[PDB]
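Pasting input02.cif here (mmCIF, C-alpha atoms):
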data_upload
loop_
_atom_site.label_atom_id
_atom_site.label_comp_id
_atom_site.auth_asym_id
_atom_site.auth_seq_id
_atom_site.Cartn_x
_atom_site.Cartn_y
_atom_site.Cartn_z
CA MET A 1 0.00 0.00 0.00
CA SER A 2 1.39 3.37 -1.08
CA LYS A 3 5.14 4.01 -1.09
CA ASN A 4 5.94 7.46 0.29
CA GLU A 5 4.66 11.04 0.53
CA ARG A 6 7.13 11.82 -2.26
CA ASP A 7 10.00 9.84 -3.77
CA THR A 8 10.76 12.22 -6.64
CA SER A 9 9.12 9.77 -9.04
CA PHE A 10 5.54 8.93 -8.09
CA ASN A 11 3.17 11.85 -7.46
CA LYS A 12 0.17 10.20 -5.80
CA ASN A 13 -1.15 13.71 -5.16
CA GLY A 14 -1.50 14.29 -8.90
CA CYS A 15 -3.50 11.09 -9.34
CA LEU A 16 -5.83 11.94 -6.45
CA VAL A 17 -6.47 15.47 -7.69
CA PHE A 18 -6.85 14.25 -11.27
CA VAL A 19 -9.42 11.53 -10.58
CA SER A 20 -11.11 13.77 -8.00
CA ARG A 21 -11.54 16.66 -10.43
CA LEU A 22 -12.37 14.31 -13.30
CA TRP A 23 -15.26 12.83 -11.32
CA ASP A 24 -16.66 16.31 -10.75
CA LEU A 25 -16.37 17.42 -14.37
CA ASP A 26 -17.94 14.22 -15.70
CA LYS A 27 -21.51 14.69 -14.46
CA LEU A 28 -22.21 11.16 -15.70
CA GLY A 29 -19.89 9.96 -12.96
CA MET A 30 -17.41 7.11 -13.27
CA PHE A 31 -16.40 8.41 -16.70
CA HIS A 32 -13.02 7.14 -17.90
CA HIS A 33 -13.03 5.77 -21.45
CA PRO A 34 -12.09 6.77 -25.02
CA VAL A 35 -14.68 8.37 -27.30
CA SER A 36 -16.25 6.23 -30.04
CA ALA A 37 -15.35 7.03 -33.64
CA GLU A 38 -18.96 6.46 -34.70
CA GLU A 39 -19.95 9.58 -32.76
CA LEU A 40 -16.55 11.26 -33.03
CA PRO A 41 -15.34 10.97 -36.65
CA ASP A 42 -12.76 13.68 -35.92
CA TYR A 43 -11.55 12.18 -32.64
CA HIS A 44 -8.07 12.22 -34.16
CA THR A 45 -8.29 15.99 -34.58
CA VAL A 46 -10.30 16.80 -31.46
CA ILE A 47 -8.52 14.36 -29.15
CA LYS A 48 -5.18 13.55 -30.77
CA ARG A 49 -4.36 11.80 -27.49
CA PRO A 50 -7.23 9.70 -26.07
CA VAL A 51 -7.42 8.65 -22.42
CA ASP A 52 -8.69 5.36 -20.99
CA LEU A 53 -9.02 3.92 -17.49
CA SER A 54 -6.93 0.88 -18.42
CA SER A 55 -4.32 3.10 -20.07
CA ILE A 56 -4.14 5.54 -17.16
CA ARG A 57 -4.32 2.90 -14.43
CA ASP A 58 -1.66 0.87 -16.22
CA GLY A 59 0.52 3.92 -16.76
CA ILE A 60 0.64 4.98 -13.11
CA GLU A 61 0.94 1.38 -11.91
CA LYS A 62 3.85 0.72 -14.26
CA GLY A 63 5.33 4.14 -13.59
CA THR A 64 5.18 5.43 -17.15
CA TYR A 65 5.74 8.88 -15.64
CA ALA A 66 9.13 10.18 -14.53
CA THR A 67 8.51 12.85 -11.89
CA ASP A 68 6.24 15.67 -10.73
CA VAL A 69 7.10 17.49 -13.97
CA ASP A 70 6.06 14.64 -16.27
CA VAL A 71 2.87 14.07 -14.28
CA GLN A 72 1.98 17.76 -14.30
CA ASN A 73 2.48 18.04 -18.06
CA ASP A 74 0.44 14.90 -18.69
CA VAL A 75 -2.47 16.14 -16.57
CA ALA A 76 -2.39 19.54 -18.29
CA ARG A 77 -2.57 17.95 -21.74
CA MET A 78 -5.46 15.71 -20.67
CA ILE A 79 -7.40 18.73 -19.40
CA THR A 80 -6.81 20.71 -22.59
CA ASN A 81 -7.99 17.83 -24.77
CA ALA A 82 -11.06 17.19 -22.62
CA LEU A 83 -12.00 20.87 -22.83
CA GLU A 84 -11.47 20.92 -26.60
CA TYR A 85 -13.92 18.03 -26.95
CA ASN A 86 -16.32 19.17 -24.22
CA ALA A 87 -16.23 22.66 -25.73
CA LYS A 88 -19.92 23.24 -26.43
CA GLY A 89 -21.38 26.09 -24.41
CA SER A 90 -23.78 24.40 -22.00
CA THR A 91 -23.34 24.19 -18.22
CA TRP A 92 -20.85 21.36 -18.76
CA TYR A 93 -18.56 23.67 -20.74
CA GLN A 94 -18.45 26.34 -18.04
CA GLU A 95 -18.10 23.76 -15.26
CA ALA A 96 -15.19 22.09 -17.06
CA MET A 97 -13.47 25.40 -17.81
CA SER A 98 -14.03 26.61 -14.24
CA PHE A 99 -12.65 23.41 -12.71
CA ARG A 100 -9.69 23.41 -15.10
CA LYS A 101 -8.58 26.55 -13.27
CA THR A 102 -7.98 24.42 -10.18
CA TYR A 103 -7.37 21.10 -11.94
CA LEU A 104 -3.75 21.85 -12.82
CA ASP A 105 -3.18 23.89 -9.66
CA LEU A 106 -4.17 20.92 -7.49
CA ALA A 107 -1.86 18.77 -9.61
CA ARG A 108 1.24 20.95 -9.27
CA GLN A 109 0.87 23.30 -6.30
CA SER A 110 0.63 20.38 -3.87
CA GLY A 111 3.90 19.01 -5.22
#
If you convert what's in this file into structure tokens, what do you get?
Amino acid sequence: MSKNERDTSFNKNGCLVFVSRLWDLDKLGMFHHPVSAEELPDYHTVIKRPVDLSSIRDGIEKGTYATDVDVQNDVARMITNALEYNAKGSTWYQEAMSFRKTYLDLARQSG
């Protein structure tokens, strides 16, 4: 269980803030899967870099990251992509954009 508050390699804080904020943004709740091409024919353009639960869970578990810097950058990119795809105008758009203001902060300021 766990490893350490900080070993200059694994930033558990980033994962907690990421999943925590992600759950809030995704009103549907428990949302963590790649978009279907059938509905997103331009997924390659909108989300050049898709995100999946198995891919993310496997990445952190394996240690794909390198440090607080790598984790921070990854999270930032994920947020940008999500916003680019969720960019509509409804309440979800504002909520996502508003949370994004603290999404990166929580995944960088704590570390």
Could you list the residues chosen by the PyMOL selection byres ((chain A and resi 18) around 10) in this structure as a VMD selection string?
chain A and resid 12 to 17 19 to 23 72 75 to 76 78 to 79 103 to 104 106 to 107
Exercise: residue 80 in chain A partners within 12 Å, all atoms listed in the file, chain neighbours under 5 positions left out, as a PyMOL selection string:
chain A and resi 46-50+73-75+85-87+96-97+99-101+103-104
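Across A:111, A:41, A:89, A:34, the tightest approach to residue 71 in chain A is made by A:111 when counting all atoms listed in the file.
Between CA of residue 84 in chain A and CA of residue 62 in chain A there is a distance of 28.2 Å.
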Selection result for the PyMOL selection byres ((chain A and resi 9) around 12) on this file, as a short mmCIF file (atom, residue, chain, number, x, y, z; two decimals) with C-alpha atoms, in the coordinates of the input:
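And here is the file that came out, out-v6.cif:
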data_model
loop_
_atom_site.label_atom_id
_atom_site.label_comp_id
_atom_site.auth_asym_id
_atom_site.auth_seq_id
_atom_site.Cartn_x
_atom_site.Cartn_y
_atom_site.Cartn_z
CA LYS A 3 5.14 4.01 -1.09
CA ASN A 4 5.94 7.46 0.29
CA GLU A 5 4.66 11.04 0.53
CA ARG A 6 7.13 11.82 -2.26
CA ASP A 7 10.00 9.84 -3.77
CA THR A 8 10.76 12.22 -6.64
CA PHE A 10 5.54 8.93 -8.09
CA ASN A 11 3.17 11.85 -7.46
CA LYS A 12 0.17 10.20 -5.80
CA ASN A 13 -1.15 13.71 -5.16
CA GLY A 14 -1.50 14.29 -8.90
CA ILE A 60 0.64 4.98 -13.11
CA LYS A 62 3.85 0.72 -14.26
CA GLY A 63 5.33 4.14 -13.59
CA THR A 64 5.18 5.43 -17.15
CA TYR A 65 5.74 8.88 -15.64
CA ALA A 66 9.13 10.18 -14.53
CA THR A 67 8.51 12.85 -11.89
CA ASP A 68 6.24 15.67 -10.73
CA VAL A 69 7.10 17.49 -13.97
CA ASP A 70 6.06 14.64 -16.27
CA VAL A 71 2.87 14.07 -14.28
CA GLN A 72 1.98 17.76 -14.30
CA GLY A 111 3.90 19.01 -5.22
#
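Between CA of residue 29 in chain A and CA of residue 42 in chain A the separation is 24.3 Å.
Using all atoms listed in the file, the nearest neighbour of residue 82 in chain A within the list A:98, A:61, A:51, A:40 is A:51.
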Please provide the set of residues having any atom within 10 Å of residue 33 in chain A, restricted to only C-alpha atoms, with same-chain residues fewer than 4 positions apart removed, written as JSON, numbers by chain.
{"A": [50, 51, 52, 53, 54, 55, 56]}
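Across the model, the gap from CA of residue 105 in chain A to CA of residue 88 in chain A is 23.7 Å.
Of the listed residues A:45, A:108, A:57, A:92, the one whose atoms come nearest to residue 32 in chain A is A:57, with distances taken using all atoms listed in the file.
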How would range 7-35 of chain A look with N, CA and C atoms restored, written as a compact mmCIF listing (two decimals), in the coordinates of the input?
# COMPACT_ATOMS: atom_id res chain seq x y z
N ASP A 7 8.72 10.47 -3.50
CA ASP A 7 10.00 9.84 -3.77
C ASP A 7 10.61 10.36 -5.07
N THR A 8 10.26 11.60 -5.42
CA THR A 8 10.76 12.22 -6.64
C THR A 8 10.59 11.30 -7.84
N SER A 9 9.42 10.68 -7.94
CA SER A 9 9.12 9.77 -9.04
C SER A 9 7.62 9.56 -9.18
N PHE A 10 6.97 9.17 -8.09
CA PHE A 10 5.54 8.93 -8.09
C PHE A 10 4.80 10.04 -7.34
N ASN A 11 3.94 10.76 -8.06
CA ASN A 11 3.17 11.85 -7.46
C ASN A 11 1.73 11.43 -7.22
N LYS A 12 1.51 10.67 -6.15
CA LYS A 12 0.17 10.20 -5.80
C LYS A 12 -0.81 11.37 -5.73
N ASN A 13 -0.32 12.52 -5.28
CA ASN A 13 -1.15 13.71 -5.16
C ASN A 13 -1.79 14.07 -6.50
N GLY A 14 -1.00 13.97 -7.57
CA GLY A 14 -1.50 14.29 -8.90
C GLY A 14 -2.62 13.36 -9.33
N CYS A 15 -2.50 12.08 -8.98
CA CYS A 15 -3.50 11.09 -9.34
C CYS A 15 -4.80 11.33 -8.57
N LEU A 16 -4.67 11.68 -7.30
CA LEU A 16 -5.83 11.94 -6.45
C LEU A 16 -6.59 13.17 -6.93
N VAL A 17 -5.86 14.24 -7.22
CA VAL A 17 -6.47 15.47 -7.69
C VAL A 17 -7.06 15.30 -9.09
N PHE A 18 -6.39 14.50 -9.91
CA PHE A 18 -6.85 14.25 -11.27
C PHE A 18 -8.19 13.51 -11.27
N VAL A 19 -8.21 12.33 -10.65
CA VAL A 19 -9.42 11.53 -10.58
C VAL A 19 -10.53 12.28 -9.84
N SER A 20 -10.15 13.01 -8.79
CA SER A 20 -11.11 13.77 -8.00
C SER A 20 -11.80 14.83 -8.85
N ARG A 21 -11.00 15.61 -9.58
CA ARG A 21 -11.54 16.66 -10.43
C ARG A 21 -12.29 16.06 -11.62
N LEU A 22 -11.76 14.97 -12.16
CA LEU A 22 -12.37 14.31 -13.30
C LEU A 22 -13.79 13.84 -12.97
N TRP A 23 -13.96 13.31 -11.77
CA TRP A 23 -15.26 12.83 -11.32
C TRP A 23 -16.27 13.97 -11.25
N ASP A 24 -15.80 15.14 -10.85
CA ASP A 24 -16.66 16.31 -10.75
C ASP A 24 -17.08 16.81 -12.13
N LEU A 25 -16.10 16.95 -13.02
CA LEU A 25 -16.37 17.42 -14.37
C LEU A 25 -17.36 16.50 -15.08
N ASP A 26 -17.07 15.20 -15.06
CA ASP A 26 -17.94 14.22 -15.70
C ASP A 26 -19.21 14.01 -14.88
N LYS A 27 -20.24 14.79 -15.17
CA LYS A 27 -21.51 14.69 -14.46
C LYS A 27 -22.02 13.25 -14.47
N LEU A 28 -21.78 12.55 -15.57
CA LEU A 28 -22.21 11.16 -15.70
C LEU A 28 -21.66 10.31 -14.56
N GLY A 29 -20.50 10.70 -14.04
CA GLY A 29 -19.89 9.96 -12.96
C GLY A 29 -19.28 8.65 -13.42
N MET A 30 -18.09 8.34 -12.90
CA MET A 30 -17.41 7.11 -13.27
C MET A 30 -17.05 7.10 -14.75
N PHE A 31 -16.75 8.28 -15.29
CA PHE A 31 -16.40 8.41 -16.70
C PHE A 31 -14.89 8.33 -16.89
N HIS A 32 -14.44 7.33 -17.64
CA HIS A 32 -13.02 7.14 -17.90
C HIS A 32 -12.80 6.17 -19.06
N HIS A 33 -13.19 6.60 -20.26
CA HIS A 33 -13.03 5.77 -21.45
C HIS A 33 -12.91 6.63 -22.70
N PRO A 34 -12.29 6.07 -23.75
CA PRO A 34 -12.09 6.77 -25.02
C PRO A 34 -13.40 6.97 -25.78
N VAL A 35 -13.48 8.06 -26.53
CA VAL A 35 -14.68 8.37 -27.30
C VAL A 35 -14.78 7.46 -28.53
